[PDB]
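In what follows, every chain begins at residue 1, and chains take the letters A, B, ... in the order their sequences are listed.
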Amino acid sequence: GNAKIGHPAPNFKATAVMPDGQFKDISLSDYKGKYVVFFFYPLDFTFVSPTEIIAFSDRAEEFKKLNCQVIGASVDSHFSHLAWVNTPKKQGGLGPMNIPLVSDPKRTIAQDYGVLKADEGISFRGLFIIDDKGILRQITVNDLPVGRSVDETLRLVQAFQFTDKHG
Amino acid sequence: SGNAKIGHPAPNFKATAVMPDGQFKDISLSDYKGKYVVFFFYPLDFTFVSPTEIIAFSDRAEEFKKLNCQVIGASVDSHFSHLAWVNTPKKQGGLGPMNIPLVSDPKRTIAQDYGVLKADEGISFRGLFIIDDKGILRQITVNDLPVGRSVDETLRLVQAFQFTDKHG
Ligand SMILES: O=C(CCc1ccc(O)c2c1[C@H](C(=O)O[C@H](Cc1ccc(O)c(O)c1)C(=O)O)[C@@H](c1ccc(O)c(O)c1)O2)O[C@H](Cc1ccc(O)c(O)c1)C(=O)O
């Protein structure tokens, strides 16, 4: 992996399912000027991952007030993401999303971020906080069974923005 | 940058630590096989973000004990510097008495093994690692220098890994 604290976060260009439900090719560099929370989850149509994704989506406004873009990603195809979004939450899907979901079918983004579980071809639960300069500020990687906290992620984003202010 | 990989044995180390009783002891990560371990790096002694974290982990050590989890802190400073900070009154910015050991990594090889050395400065980033009772690395956390870690979040992770170890 090439993700190093204090260095530019590895860029990517990938197809995402955008909040409007439609495909768009996006790049991490598209969000320079904003903080970014970039998180991986292992795969679509699973048990723990939708709880995390929906939590980040539901609370997207709290990141927007921090000028912070949230982006999720898995090695699934962009069609698989679309299927999951188009499946209602009450039927085990994601439902409508407030955040883009990146597809990493070549596994190169997960590799660049050091979160590929090589023996399965899927990502660990990696989460990365990138500042408005594109510099990586925080690395979080959970083994597959344990999910992430939106509260903790907001705490971190808020703290980096506060400490960015001292000069 | 490091040999710390999720699902692999956490890199072993043997290093001098200042123990809670205020004495120096050479300890190894492998000493704690059979228990979960929270192993965290902080950049330097006699600083001003690090003490909030260290004191919080020490103050709340009993919550980790109830999870059968050992907490270990570490920085590149000498163990003598660690003890000097422990022995500095809290009212003057010291750590005060500690409930957790503080490892000294003067060769920077432990930080390098865990992939958290800030190479242009010779100090560790704020790396935190959750290691299960079999020695396997389960969680990686690395913060840039200015931003501290949360004991609440660390407890949540340790307990959650332990729960999923028993039933998934
Ligand atoms: O002791 C600290 C930082 C203490 C501090 C003091 C006064 C502040 O005013 C302040 C902070 C916090 C901070 O991180 O400042 C640093 C350094 C700095 C301070 C003032 C400046 O003007 C400047 O330019 C640069 C930064 O931002 O780089 C942040 C803060 C954070 C939480 C709060 O609750 C709060 O109130 C304020 O503001 O850290 C070291 C680590 C370490 C090792 C080597 C480095 O070389 C190094 O940089 C850092 C550790 O703890 O081991």
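A/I135 and A/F128 are assigned to two separate hydrophobic clusters, defined by single-linkage of ILVMFWY side chains at heavy-atom distances under 4.5 Å. Residues A/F45 and A/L101 share a single hydrophobic cluster, defined by chaining ILVMFWY side chains whose heavy atoms lie under 4.5 Å apart. Cluster membership for A/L156 and B/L145, using ILVMFWY side-chain heavy atoms within less than 4.5 angstrom, is not shared. A/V102 and A/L94 sit in two unconnected hydrophobic clusters of ILVMFWY residues. Membership requires side-chain heavy atoms under 4.5 Å apart, directly or through other members. Under a hydrophobic clustering in which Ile, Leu, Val, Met, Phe, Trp and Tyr are joined whenever their side-chain heavy atoms come within less than 4.5 Å, directly or via other members, A/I129 and A/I5 fall into different clusters.
Note that CG of A/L66 is 13.0 Å distant from CZ of A/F160, once rounded to the nearest 0.5 Å. Expressed to the nearest 0.5 Å, how far CD1 of A/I53 lies from CG of A/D58 amounts to 11.5 Å. The distance from atom CG of B/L137 to atom CG of B/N3, rounded to the nearest 0.5 Å, is 11.5 Å. To the nearest 0.5 Å, atom CG of residue B/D26 and atom CE of residue B/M19 are 10.5 Å apart. Distance check, rounded to the nearest 0.5 Å: OG of A/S57 to CG of A/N98 gives 4.0 Å. The CG atom of B/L128 sits 10.5 Å away from atom CD1 of B/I140, with the distance rounded to the nearest 0.5 Å.
Checking side-chain atoms of A/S123 against main-chain N and O of A/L116 turns up no donor-acceptor pair under 3.5 Å. A distance-only check finds no donor-acceptor pair linking the side chain of A/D112 to the backbone of A/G1 [under 3.5 Å]. A side-chain donor-acceptor contact under 3.5 Å links B/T164 to the backbone of B/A160. B/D45 contributes a side-chain N or O that, together with a main-chain N or O of B/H82, makes up a donor-acceptor pair within less than 3.5 Å. In this structure, A/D104 contributes its side chain and A/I109 its backbone to a donor-acceptor pair below 3.5 Å. In this structure, the side chain of B/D21 engages the main chain of B/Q23 through a donor-acceptor pair within 3.5 Å. With hydrogens and angles ignored, the 3.5 Å screen pairs a side-chain donor or acceptor of B/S78 with a backbone N or O of B/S81. For B/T47 (side chain) and B/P43 (main-chain N/O), no donor-acceptor pair under 3.5 Å exists by modelled atom type.
Taking the six-membered ring where the residue is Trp, the centroids of B/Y114 and B/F39 are separated by under 6.0 Å. Between B/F64 and B/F57, the ring centre distance stays below 6.0 Å.
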- Item | side-chain contact (heavy atoms from CB on, under 4.5 Å) between A/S49 and A/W84, intermediate numbers included | CA-CA 11 Å; A/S49 294; A/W84 207 15; 4.2 Å; yes
- Message: I'd like to know whether A/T140 forms a side-chain contact (heavy atoms from CB on, under 4.5 Å) with A/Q138, so could you lay out the CA-CA distance, the side-chain angles of the two residues, the decisive distance to 0.1 Å, and finally the verdict.
- Response: CA-CA 7 Å; A/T140 300; A/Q138 207 279 336; 2.7 Å; yes
- Under the side-chain contact (heavy atoms from CB on, under 4.5 Å) criterion, do A/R148 and A/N142 qualify, and how do the steps go? CA-CA 8 Å; A/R148 291 151 288 192; A/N142 295 3; 3.7 Å; yes
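Other residues, nucleotides and ligands place no more than 12 heavy atoms under 6.0 Å from the CZ atom of A/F79. Heavy atoms from other residues, nucleotides or ligands lying under 6.0 Å from NE2 of A/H166 number more than 12. Enclosure of atom NZ in B/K25 is not indicated, since only 12 or fewer non-hydrogen atoms of other residues, nucleotides or ligands lie within 6.0 angstrom. The 12-atom threshold is exceeded at NZ of A/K133, counting heavy atoms of other residues, nucleotides or ligands nearer than 6.0 Å.
Looking only at atom types and distance, the side chain of B/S75 has a donor-acceptor partner in the side chain of B/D77 under 3.5 Å away.
Taking each heavy atom of B/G148 and B/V49 in turn, the nearest pair found is N-CG1, 4.1 Å. The heavy-atom pair separating A/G21 from A/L82 by the smallest distance is O-CD1, 3.3 Å. Minimum interatomic distance between A/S149 and B/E153 (heavy atoms only, all atoms of both residues): CB-OE1, 3.7 Å. The nearest pair of heavy atoms linking B/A17 to B/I27 is CB-CD1, 3.7 Å. When all heavy atoms of B/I100 and B/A61 are compared, the closest pair comes out as CG2-CB, 4.3 Å. Looking at every heavy atom in both residues, A/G33 comes nearest to A/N67 through O-ND2, 3.1 Å.
The side-chain heavy atoms of A/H7 and A/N2, taken from C-beta on, include no pair separated by under 4.5 Å. Between A/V75 and A/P105, every side-chain heavy-atom pair lies at or beyond the 4.5 Å cut-off. Using a 4.5 Å heavy-atom cutoff, the side chains of A/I130 and A/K32 are not in contact. Looking only at side-chain heavy atoms (C-beta outward), A/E62 and A/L154 come within less than 4.5 Å of each other. Between A/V17 and A/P100 there is no side-chain heavy-atom pair separated by less than 4.5 Å. With contacts defined as side-chain heavy-atom distances shorter than 4.5 Å, the pair B/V71/B/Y36 does not qualify. Using a 4.5 Å heavy-atom cutoff, the side chains of B/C69 and B/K35 are not in contact.
Exactly one of B/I72, B/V158, B/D31 qualifies for a side chain to side chain contact (heavy atoms under 4.5 Å, CB included) with B/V37. That residue is B/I72.
Aromatic ring pairs are classed by plane angle as parallel below 30°, tilted from 30° to 60° and perpendicular above 60°; the pair A/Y41 and A/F39 is tilted. Ring geometry for A/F23 against A/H78 counts as perpendicular: the plane angle is over 60°, on a 0 to 90° scale with 30° as the lower cut.
Sequence neighbours left out, the pairs with a member in residues 119-132 of chain B that pass salt bridge (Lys or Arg N to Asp or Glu O under 4.0 Å) are B/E53-B/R126, B/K118-B/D120, B/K118-B/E121, B/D132-B/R138.
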